[PDB]
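I have placed the structure first, in the form of structure tokens, so that the comments after it can refer back to it.
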Amino acid sequence: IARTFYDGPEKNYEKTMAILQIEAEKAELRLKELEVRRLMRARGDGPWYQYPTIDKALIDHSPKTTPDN
Amino acid sequence: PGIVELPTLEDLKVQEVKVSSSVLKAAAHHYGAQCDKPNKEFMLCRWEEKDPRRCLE
Ligand SMILES: CCCCCCCCCCCCCCCCC[C@@H](O)O[C@H](CO[C@H](O)CCCCCCCCCCCCCCC)COP(=O)(O)OCC[N+](C)(C)C
């Protein structure tokens, strides 16, 4: 029965090791992403949560019929 | 926010052109032909400095 239907314990052991490594890395990445989201939304100094401002290319830099703009 | 610098009244005194608008208009073309250089200098100062206190002379 063992020879026909089942493998040795090492296969399940090392597959468990691989699964545990993947899951632990995913958990750490989730916590890191939450912290990064919090910091980026608080400071606004990252790529995320960038809200539009007025384009400076819309300004007319011409004499304006009055010396003081 | 700091105080505003202003010229003294004595600095603002100058001989005045006291002819009416009709007199100025009647001579406008020749006046612009003859006195062009100081007027253009004043206008360039006015549009570059953007401050009336820097183009008094
Ligand atoms: C001989 C008498 C004394 C001993 C009697 C012992 C009784 C045992 C027989 C009863 C069957 C046990 C249940 C079967 C469960 C096994 C299913 C699965 O886990 O096994 C697969 C094996 O597949 C087998 O083909 C299972 C086939 C069993 C299906 C039972 C069908 C019986 C139906 C009855 C039909 C009779 C005639 C019908 C007339 C209409 C594994 O696939 P594999 O990916 O390789 O695994 C790798 C492991 N290796 C490396 C060791 C190979």
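Chains a and u, in that order, give the protein sequences. PDB author numbering puts the first residue of the first sequence at 121, with every later residue one more than the last. PDB author numbering puts the first residue of the second sequence at 2, with every later residue one more than the last. Heads up, the beta-carbon is just placed ideally off N, CA and C, and yes, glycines get one too.
Identification of chain a residues near u:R54 by a Cβ-Cβ cut-off of 7 Å yields none; the smallest Cβ-Cβ distance measures about 11 Å. The contact set of u:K51 on chain a, defined by CB atoms closer than 8 Å, consists of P187, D188 and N189 in chain order. Between u:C56 and u:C46, the CB-CB gap stays under 7 Å. DSSP places u:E17 outside both helix and strand once states are collapsed to three, so it counts as coil.
Among the residues of chain u, those whose CB is under 9 Å from the CB of a:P183 are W48, following chain order.
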